Amino acid sequence: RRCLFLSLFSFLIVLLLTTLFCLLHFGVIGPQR
């Protein structure tokens with residue numbers, strides 16, 4: 001059931017999100033909340 005290929009693409013989305021989401025939450029220099 002679990003697709004090892006689709007899963008690999010998921011890690012890229014989870015990381016790409018944590019990059020911006022962290023900058024928005026932490027309020028580093030761009031708190032666009």
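Parameters at a glance
Residues numbered from 1 in each chain as written, not as in the entry; some residues may be left out. Heavy atoms only, no water. Helix = DSSP H or I, 4+ residues; strand = E, 2+ residues; numbered from the N terminus. Polar contact = N/O pair within 3.5 Å; in protein donor to acceptor, adjacent residues only side chain to side chain. Patch = residues over 30% accessible without salt bridge, like charges linked within 9 Å, V, L, I, M, F, W, Y side chains within 5 Å. Areas by Shrake-Rupley, 256 points an atom, 1.4 Å probe, with all protein chains shown as cover. Salt bridge = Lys/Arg side-chain N within 4 Å of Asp/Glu carboxyl O.

As summarised from the PDB record, the model derives from solution NMR.

Enquirer: Describe the environment of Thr18, naming the residues involved and giving the relevant values.
Expert: Position of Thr18 among the secondary structure elements: in helix α1 (residues 4–26). As for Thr18 and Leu8, which are separated by 10 residues in sequence, their C-alpha atoms are 16 Å apart. At 3.0 Å, the side chain of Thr18 forms a polar contact with the backbone oxygen of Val14. Looking at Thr18, its side chain comes within polar contact range of the main-chain oxygen of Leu15, at 2.7 Å.

Enquirer: Can you tell me about a nonpolar patch on the surface, naming the residues and giving the values?
Expert: A contiguous nonpolar surface patch, about 620 Å² in accessible area, is contributed by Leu20, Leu23, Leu24, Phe26, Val28 and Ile29. Relative to the assigned elements, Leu24 resides in helix α1.

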